[PDB]
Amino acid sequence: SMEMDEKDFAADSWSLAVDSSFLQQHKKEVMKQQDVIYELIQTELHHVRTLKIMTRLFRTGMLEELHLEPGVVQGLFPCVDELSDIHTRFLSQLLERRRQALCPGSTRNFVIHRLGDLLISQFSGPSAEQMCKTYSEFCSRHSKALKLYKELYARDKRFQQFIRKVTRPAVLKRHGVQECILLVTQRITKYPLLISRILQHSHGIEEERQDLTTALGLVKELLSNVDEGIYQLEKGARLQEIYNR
């Protein structure tokens, strides 16, 4: 992540991020809505950072330092460039909505009143089709990536030294290779939980309540489609194991 966004999302909540004199101007219901929108953006920033660790630190480092057989790095990090493009674009839109809402003279005081339309756009049309295609592919390659990682760590000395080197810093404690894969697979199922709680505190404007209700339905439709489109790939799988249960 870049320092400007890390500092903007350093606080544990929106109520602790804004100036106390600005917080005191809002009703409790507005504060509750903004605290959940802030958690959605803060966790999206961290999710994009997980994808950057996968691409910039692990994938790039292996291509630059190690002598792996072709197709091995793509096997460890399936779809990571496509996932990075999807979420960096979504994060850019969330951060632009926040930046437009800032009060003049402030870099921290804002209220986002119109999130629903941005969520409908993200979870409909071509961007939803790309999210469905990419997660159906990623989640079907999840088991294979974990098994390939375990095999390389146990048999290749230069690989084990590389992993121990790049994962040594305390800031990577929660972000080993297997941990990044599961953080990415679990991201999509956090969206309904966050949207439903934002919706609970968005009844003040009926158009906003309707837009968040539409967005929640679209996110659940995407999750149902991804879940129905998964079957784990396995290295050395025989056709007979595939067409039999």
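Counting begins at 1, following the sequence as shown. Rigid core (definition): largest C-alpha set, two forms, superposition within 1.5 Å.
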**Prompt:** Which of the two stretches, 182-190 or 60-68, moves more in 9 other deposited structures of this protein when the core is held fixed, judged by C-alpha RMS distance?
**Reply:** 60-68
**Prompt:** Out of 69-77 and 124-132, which shows the greater rigid core-aligned C-alpha deviation in 9 other deposited structures of this protein?
**Reply:** 69-77
**Request:** Mind pulling up the entry and telling me whether 179-187 or 63-71 has the higher mean Cα temperature factor?
**Result:** 63-71
**Which of 156-164 and 107-115 has higher mean CA B factor, as the PDB entry lists it** = 156-164
**Prompt:** Which one of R98, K147, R141, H87 shows the biggest C-alpha B-factor in the PDB entry?
**Reply:** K147
**Request:** Ordered by C-alpha B-factor within the chain, which third holds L193? Give me lowest, middle or highest, please.
**Result:** middle
**Prompt:** Among the chain's modelled residues, which third holds the C-alpha B-factor of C132?
**Reply:** middle
**Prompt:** Split the chain's modelled residues into thirds by Cα B-factor; is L94 in the lowest, middle or highest one?
**Reply:** lowest
**Prompt:** Of the three thirds of its chain by CA temperature factor, lowest, middle or highest, which one includes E39?
**Reply:** lowest
**Fill in**
Temperature factor at the Cα of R209, chain-ranked in thirds, falls in the middle
